[PDB]
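Two versions of one and the same chain are coming, encoded as structure tokens; call them structure 1 and structure 2.
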Structure 1
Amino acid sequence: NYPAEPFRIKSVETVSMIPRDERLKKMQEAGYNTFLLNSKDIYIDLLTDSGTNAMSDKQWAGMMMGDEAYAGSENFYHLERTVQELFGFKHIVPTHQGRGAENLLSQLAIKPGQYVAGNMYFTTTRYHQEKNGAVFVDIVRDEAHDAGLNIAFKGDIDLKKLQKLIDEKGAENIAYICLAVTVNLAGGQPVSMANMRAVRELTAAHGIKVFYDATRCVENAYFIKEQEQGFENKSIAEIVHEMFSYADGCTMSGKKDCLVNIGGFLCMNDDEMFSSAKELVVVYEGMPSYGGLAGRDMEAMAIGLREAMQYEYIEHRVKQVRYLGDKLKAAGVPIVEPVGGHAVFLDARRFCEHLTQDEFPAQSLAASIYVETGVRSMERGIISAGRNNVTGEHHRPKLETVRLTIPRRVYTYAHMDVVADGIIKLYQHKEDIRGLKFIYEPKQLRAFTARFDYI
């Protein structure tokens, strides 16, 4: 049912668990914000799957062969041809990570006053869109905002919402469609190939461009192979290649499905757009032949992207996350369903029924999880959404969750059992979790550096 690791351990990293009394003082030192905890004080660090992956022996062999030249590096050509072969795009510009590519795309394809629509948003992607004068519109299906609803391909774009946007606003006022695979905020939920084919069908008829947020496209491809009829005989590589044939470009964070600790890139097919991207990348990232990355990192990212296409690797990656989610569900712990490809999301509304959203249950639950287990998790609720135009009123999203994000090839099933057993025991006395109050809030992006205090 759950496969063993399709690899061996080459090298290990020592870990240690500090006692509860010290975890409590660390949590108070961090202002009850898991973002402010020190890495050395964490047993199992499930804060994010971004850049926290373990590399292979092949990737580390490439690390010893870094061609650090400013132009014409062999590492760049290797990364270039690999992406052209696997993704099928004509041009590629490397960037130091995903939000570097998003900065380039938002300045190239957005006119002040236009609309950008997509299946939910991400914080950095939406910021660069809004900074360049766009208004974001969520066109994901309504069921994606309901945590407990267990349906397949929750991340699909609602075609009726997309049709309604084109009719009310016009096609000329739409910059592009931003299709994310997978959808991070909905719980790592996949998008079906039929939805990608249908979106491409409707947008091309109105001359609207489609750009993918491809950070977790490999996990998305596995869900297509597993659950969409007609793709069970297709390889992961074939599905990934067909996915991108419905996009005019993409922004990629190699720190996710490329199995590296740093790196990203921007892809496109248009020649004029690629020429403008090279003029903008030298301002923010670097030369088009390295783009803010060391040669050895372009090499590791090229090798890692090819390793991710192995069916056994991605099957184990996804089913390890599913294993953690199944143990939590079997004990009655409320989670977002279905389990996504990279994380399990605890439903803090049901976990902390005795608390209101104004008491920040997700931020308080993440603090209690660390103090009780030594596991770091990320708040994904009201604090990440922010406040807008009303003086002091928070955004209220339906999803008030705590994210247990699994780095790739770093932890074992026994580590998943430690996480599950500690959360299940915490769920027994969930009424003890206390509310939080803002003692410091930045002007923007409060989730990263805000400090709180108990109620």
Structure 2
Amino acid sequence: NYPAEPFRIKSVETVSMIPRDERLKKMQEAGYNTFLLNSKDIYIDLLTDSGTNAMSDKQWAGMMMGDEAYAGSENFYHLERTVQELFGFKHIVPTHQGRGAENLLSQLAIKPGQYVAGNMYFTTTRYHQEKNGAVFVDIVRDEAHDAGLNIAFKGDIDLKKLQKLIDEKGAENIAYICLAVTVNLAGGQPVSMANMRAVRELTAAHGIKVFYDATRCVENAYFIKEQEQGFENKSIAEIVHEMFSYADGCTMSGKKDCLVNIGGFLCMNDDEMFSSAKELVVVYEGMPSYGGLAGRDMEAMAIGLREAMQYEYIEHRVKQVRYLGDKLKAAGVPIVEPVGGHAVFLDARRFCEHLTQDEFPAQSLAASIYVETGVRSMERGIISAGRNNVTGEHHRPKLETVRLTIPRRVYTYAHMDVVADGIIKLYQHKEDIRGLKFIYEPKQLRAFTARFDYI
């Protein structure tokens, strides 16, 4: 039911293995904030799947062949050729990571006063749109806002919401559609191919451009092969290629599904926009021949993008996450459903029902998780939501969760068992989890540097 790793371990990373009492000391000096823990003090780090992937022996061989030239690097040509072959786009501009490509796209395809619509948003993506004068509109289907609703392709765009938006505001004032695969805010939920072709059908009639946020497109491709009828016989690469046939371009973070620790790029088919793309990249990232990346990183990303297409790799990747979610749900632990492609979200509101949201249950759960197991997770509740500095009070989101984000090819099933067994043990005594009070709170981005103490 769950496949073994379709690879061997080539090299390993040393970890501390400090005891529970030491982990408590480390958590106390970190202010009970997992963001302040030192990497060296962590057994299993589920803070993010961004840039934390394990590369292959082929990629590290490519790392030894870094053509570090300012222009005309062989590594760029290999990256360019790979992206044009697997994604099908005409032009590609490398960036140091995905948000670098998003900064370029927002300045190239947005006129001040226009609208941008897409299946929910991301923190950096929404900023570059809003910073450049756009107004974001969420047009995802309403089911994406139900955490417990176990349905497929929860990240599809509602065609009615898109159709109504075009009528009420006009197509000329619509910059583009930002279709993300997968949808991080709904929990890593996929978008069906049928939804993608419908979006292309509707936008093409009004001359409206479509751009993909393809950072986790391979995970999305696997869900299409597994759960959408008519794609069971098609390979991952074939599905990936067809997805992008319904887009005018894309922004990619290689730090995710390209199986590297740094890198991204920007794709598009329009020649004139690509000409302008090369003008802006020199002032933000670098020359269009390297774009803020060392040659060896372009090589590793080009190799990793080809490795991500292996069906066995992506099946194991998703099912390793599914294994963690299934073990938690089989014990009664409340999670967001369905389990996404890259992370399992613990519902801290139900986990810590004896605590109010003002006592930061997700933050206190994450601190308890690390002390019991050595596992770092991310608070994704009231603390991360921040304040509205105009009113001064907290922001209160519907989701008060703890995110267990699985880097690619870094951990085994036995590591997932360590995570699950500690959380399941925590759940059986969940009444002991204590609330936290702010001791230090910074002015902005409090999730990173704030400190707490038990109540």
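Each residue is numbered by where it sits in the sequence of structure 1, with counting from 1. Definition used throughout: the rigid core is the maximal C-alpha set that superposes within 1.5 Å between two forms.
For the residues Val371, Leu280, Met273, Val137, superposed on the rigid core between the two structures, a C-alpha shift of 2 angstroms or more shows up only at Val371. The rigid-core alignment places the CA of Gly51 less than 2 Å apart between the two structures. Annotation: Cα of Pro361 displaced by at least 2 Å between the two structures, core superposition. Once both forms are fitted on their rigid core, the CA atom of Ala414 lies less than 2 Å apart between the two structures. Superposing the rigid core and comparing between the two structures gives a CA shift of 1.4 Å at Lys425. Its Cα shifted by 4.3 Å between the two structures, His394 is reported here after superposition on the rigid core.
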